[PDB]
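Chains as they are written, first to last, in the deposited numbering: chain D, 68 to 84, 94 to 171, 173 to 246; chain B, 68 to 82, 93 to 171; chain C, 69 to 82, 94 to 171; chain A, 67 to 82, 92 to 244. The beta-carbon is built from N, C-alpha and C at its ideal position, and this holds for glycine as well.
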Amino acid sequence: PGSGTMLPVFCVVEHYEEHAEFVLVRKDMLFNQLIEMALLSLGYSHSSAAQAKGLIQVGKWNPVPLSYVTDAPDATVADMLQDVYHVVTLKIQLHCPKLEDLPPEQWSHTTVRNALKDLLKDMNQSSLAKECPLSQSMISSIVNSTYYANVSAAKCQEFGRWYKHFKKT
Amino acid sequence: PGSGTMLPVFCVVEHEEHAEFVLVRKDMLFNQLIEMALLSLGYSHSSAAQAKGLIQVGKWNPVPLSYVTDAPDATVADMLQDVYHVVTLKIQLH
Amino acid sequence: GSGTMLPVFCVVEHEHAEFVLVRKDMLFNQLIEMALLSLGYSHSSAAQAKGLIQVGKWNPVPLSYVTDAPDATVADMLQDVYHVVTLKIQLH
Amino acid sequence: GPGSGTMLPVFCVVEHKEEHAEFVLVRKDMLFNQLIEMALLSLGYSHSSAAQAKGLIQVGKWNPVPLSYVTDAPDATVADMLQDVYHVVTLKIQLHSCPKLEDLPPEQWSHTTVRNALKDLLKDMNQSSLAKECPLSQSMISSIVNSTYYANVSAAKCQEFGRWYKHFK
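Below you can see the structure in the form of structure tokens.
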């Protein structure tokens with residue numbers, strides 16, 4: 068188990084407004109093309125390994141960006157995962174219905190948080206807290222990301238209905 | 068008997094399913110097969126980046142273009158010259 | 069890290096030494112057969128086939144020492160240790 | 067456009092290196108998973124040699140794969156899988172052999188495998204009783220035996236002798 072040319076890596080691919097399993101990769105290749113190779117093995121355009129974001133998660137920890145693992149471009153898959161491949165899960169994010178088109182009950186806290194994140198680019202919290210069904214101390218929690226920080230099914234459903242309408246006016 | 072610059076590939080696009098042959102350049106890179114199939118089929122560049130692509134030899138289990146060969150410099154002639162007529166490229170658009 | 073497959077590192081002698100994925104839910108007593116299939120060997124070669132198993136740096140033991148339970152999944156015996164073991168399949 | 071009869075051709079190559096190529100006919104409705112033994116039997120090989128046999132299937136110039144990649148259906152026939160594709164695939168069979176001279180498909184006999192047969196016979200036979208039995212002359216059995224560089228045995232004779240040898244023994 069290393070020896071060998073391959074290393075098993077458990078992968079999960081995603082995109083959100094089974095599919096989760098080991099793929100053998102080249103222990104000898106570059107840690108920084110791991111997302112690419114994993115995705116190719118799965119059948120993904122070369123260019124689909126571009127709109128792709130990677131989060132690596134140890135046992136039941138919060139996952140972190142592959143940035144945290146190492147900052148040496150020259151490290152390999154083996155250098156880094158030889159020892160942990162049995163406990164790590166690679167989380168690939170592929171970055173298409175529109176938010177306004179999402180029906181209010183399909184709305185989740187993650188999509189509310191995404192919706193809010195876009196809006197705040199070109200708006201203010203107090204103003205946004207004004208006719209969206211959220212409060213200001215509610216809206217800070219969700220964007221802060223901590224910890225938690227939770228929107229009930231009722232508010233999620235209402236924020237989403239409001240969002241659909243707000244977007245077409 | 069295809070000594071052209073091109074080779075035809077039968078394509079199915081999933082998501093209502095769009096099928097058609099497409100002529101692919103033999104000098105182009107095998108792993109670029111999905112991009113080219115898509116462009117050449119009447120889709121965007123952005124469409125490629127949002128697409129999973131498997132190749133199917135007869136009635137066999139479809140497989141990623143990487144099961145086929147581990148040589149990145151592999152031309153479309155290299156891999157498809159002998160089998161283009163028995164292979165279906167099925168593509169998915171998310 | 070719990071899907072339908074487990075990575076098993078297999079060395080076949082008589094080289095061929097590498098990881099092969101196998102169905103967790105399969106029967107531990109079909110581990111040779113099914114590992115052999117995934118490499119090319121026929122339904123016939125598995126088995127005239129002798130299997131030992133080596134945990135870390137120990138001597139390797141026959142696969143019988145691992146268990147008697149005929150209803151033992153591969154998961155059962157290997158979900159916990161697949162990463163420290165080596166399956167050695169000899170063909171007579 | 068062939069659509070019936072009970073048989074199907076299967077191009078097989080067989081290493082053991093003595094690379095031997097040849098189409099063979101196999102029972103269309105047999106099981107795909109016993110292809111490697113069916114091909115070997117149908118090629119003139121004993122059941123013994125099929126027990127060390129590694130078999131990889133190859134389409135065109137692609138990476139060769141185990142028969143388990145092609146399919147998962149444990150009841151898929153040779154017809155299901157290769158009916159439409161028999162003319163672009165090769166069954167690459169590797170044996171740990173060589174087979175006993177008698178188990179060597181007679182089409183694969185050369186002047187040197189004929190020589191080894193003669194030797195093994197002359198260990199307990201006469202030049203004349205051999206020359207009586209086998210399809211060579213005494214003159215040629217002199218030629219083959221007393222000269223290592225003697226290769227002037229026709230293909231037709233090699234096969235003939237090889238069939239004769241297979242018999243008895």
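ask   = Between which two residues does the beta strand (DSSP E) harbouring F107/C extend?
value = From DSSP, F107/C is part of no beta strand (DSSP E); its letter is neither H nor E.
inquiry  = Residues of the stretch 218 to 244 of chain A in Cβ contact with chain B at a cutoff of 8 Å, in chain order, please.
reply    = Answer in chain order: no residues at all.
ask   = So, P174/A versus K241/A, is the Cβ gap smaller than 9 Å?
value = At a Cβ-Cβ threshold of 9 Å, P174/A and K241/A do not count as neighbours.
message = Please confirm whether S117/B has its beta-carbon closer than 9 Å to some beta-carbon of chain D.
response = Look at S117/B: its C-beta is not under 9 Å from any C-beta on chain D.
ask   = Got a sec, what are the start and stop residues for the alpha helix (DSSP H) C233/D sits in?
value = Per DSSP, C233/D belongs to the alpha helix (DSSP H) from 230 to 244.
message = With a threshold of 9 Å between beta carbons, is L106/C in contact with chain A?
response = So no, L106/C is outside the interface.
task = Taking 8 Å as the threshold, find out whether the stretch 115 to 135 of chain A comes into contact with the stretch 158 to 167 of chain C through three or more Cβ pairs.
result = No, the stretch 115 to 135 of chain A does not touch the stretch 158 to 167 of chain C.
request  = Classify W137/C as buried or exposed, calling it buried when 16 or more other Cβ atoms lie within 10 Å of its own Cβ.
outcome  = With fewer than 16 other CB atoms across the displayed protein chains lying within 10 angstroms of its CB, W137/C is exposed.
ask   = What are the start and end residues of the alpha helix (DSSP H) that includes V153/B?
value = Element bounds for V153/B: 153 to 157.
ask   = CB-CB under 7 Å to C233/A, same chain, minus the five flanking residues each way: which ones, in chain order?
value = The residues are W184, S185, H186, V189.
ask   = Whose Cβ in chain C lies nearer than 7 Å to the Cβ of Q127/A?
value = Those within 7 Å of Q127/A in chain C are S124, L170.
ask   = Under the rule that 16 or more other beta-carbon atoms within 10 Å means buried, what is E112/C, buried or exposed?
value = Taking all protein chains shown into account, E112/C has 16 or more neighbouring C-beta atoms within 10 Å of its C-beta and is therefore buried.
Opposing strand residues paired with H95/B [DSSP bridges] = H95/B is bridged to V80/B.
message = Is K167/B a contact residue of the ligand NAD, with contact defined as CB to any heavy atom under 8 Å?
response = Only the bare structure without any ligand can be found here, which leaves the ligand NAD out of the picture.
task = Name, in chain order, the residues that DSSP records as bridge partners for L74/C.
result = For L74/C, which the question treats as bridged, DSSP gives the partners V101/C.
query = Along the chain, where does the alpha helix (DSSP H) that runs through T187/A open and close?
reply = Membership of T187/A in the alpha helix (DSSP H) is indicated by the continuous run 186 to 197.
key: DSSP three-state assignment for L176/D, whether helix, strand or coil   = Correct three-state label for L176/D: helix.
query = Cα separation between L142/B and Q133/A?
reply = So the two alpha carbons sit approximately 15 Å from each other.
request  = Below 8 Å between beta carbons is the criterion; list the residues of the stretch 147 to 165 of chain D that meet it against any residue of chain B, in chain order.
outcome  = Residues of the stretch 147 to 165 of chain D whose Cβ lies closer than 8 Å to any Cβ of chain B: none.
inquiry  = Quick check on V145/B - is its C-beta less than 9 Å from some C-beta in chain D?
reply    = Proximity of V145/B to chain D, defined by a Cβ-Cβ separation below 9 Å, is not satisfied.
Burial state of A148/A, where buried means 16 or more other Cβ atoms lie within 10 Å = With fewer than 16 other CB atoms across the displayed protein chains lying within 10 angstroms of its CB, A148/A is exposed.
ask   = Any idea if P75/A is buried or exposed, counting beta-carbon neighbours within 10 angstroms, 16 or more meaning buried?
value = Looking at its Cβ environment, which holds fewer than 16 other Cβ atoms inside 10 Å, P75/A is exposed.
query = Does the beta carbon of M113/C sit closer than 9 Å to a beta carbon anywhere in chain D?
reply = Cβ-Cβ to chain D under 9 Å: no for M113/C.
inquiry  = With a threshold of 9 Å between beta-carbons, can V140/A be considered close to chain B, or not?
reply    = Taking Cβ atoms only, chain B reaches closer than 9 Å to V140/A, which makes this a yes.
message = What does the Cβ neighbour count give for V160/D, buried or exposed, with the cut at 16 atoms within 10 Å?
response = By the 10 Å Cβ count, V160/D comes out exposed.
Straight-line Cα distance separating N108/A from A96/A = Distance from the CA of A96/A to the CA of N108/A, rounded to the nearest whole angstrom, comes to 21 Å.
request  = Could you round the C-beta distance between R102/C and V153/C to whole angstroms and report it? I think they count as a contact, below 8 Å.
outcome  = Their Cβ separation, rounded to whole angstroms, is 7 Å, which keeps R102/C and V153/C in contact under 8 Å.
query = Given a threshold of 16 other Cβ atoms within 10 Å of its Cβ, counted over all protein chains shown, does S204/A qualify as buried or as exposed?
reply = With fewer than 16 other Cβ atoms within 10 Å, it is exposed.
query = At least one CB of chain B closer than 9 Å to the CB of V134/A: is that the case?
reply = At least one chain B Cβ lies under 9 Å of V134/A.
task = Could you check how far apart the C-beta atoms of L176/A and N191/A are, in whole angstroms? I think they sit under 8 Å.
result = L176/A to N191/A, Cβ: 6 Å. Contact.
inquiry  = Quick check on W184/A - is its C-beta less than 9 Å from some C-beta in chain B?
reply    = At a cut-off of 9 Å between beta-carbon atoms, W184/A makes no contact with chain B.
inquiry  = For a test of the three-state rule: what should DSSP assign to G130/D, helix, strand or coil?
reply    = In this structure, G130/D counts as strand in the three-state DSSP scheme.
request  = Can you give me the Cβ contacts of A128/A inside the same chain, cut-off strictly under 8 Å, excluding the 5 residues immediately before and after it?
outcome  = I111, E112, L115, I168, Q169, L170.
ask   = So which residues of chain B does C78/D contact, with C-beta pairs closer than 9 Å?
value = Simply none; closest approach about 13 Å.
inquiry  = So, under 8 Å CB-CB, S172/A and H122/A are touching, yes? Tell me the CB distance rounded to an integer number of Å.
reply    = Rounded, the Cβ-Cβ distance is 13 Å, inconsistent with contact.
query = When the cut-off is 9 Å and only beta carbons count, does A192/D lie next to chain C?
reply = Not closer than 9 Å to any Cβ of chain C, the Cβ of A192/D fails to qualify, so no.
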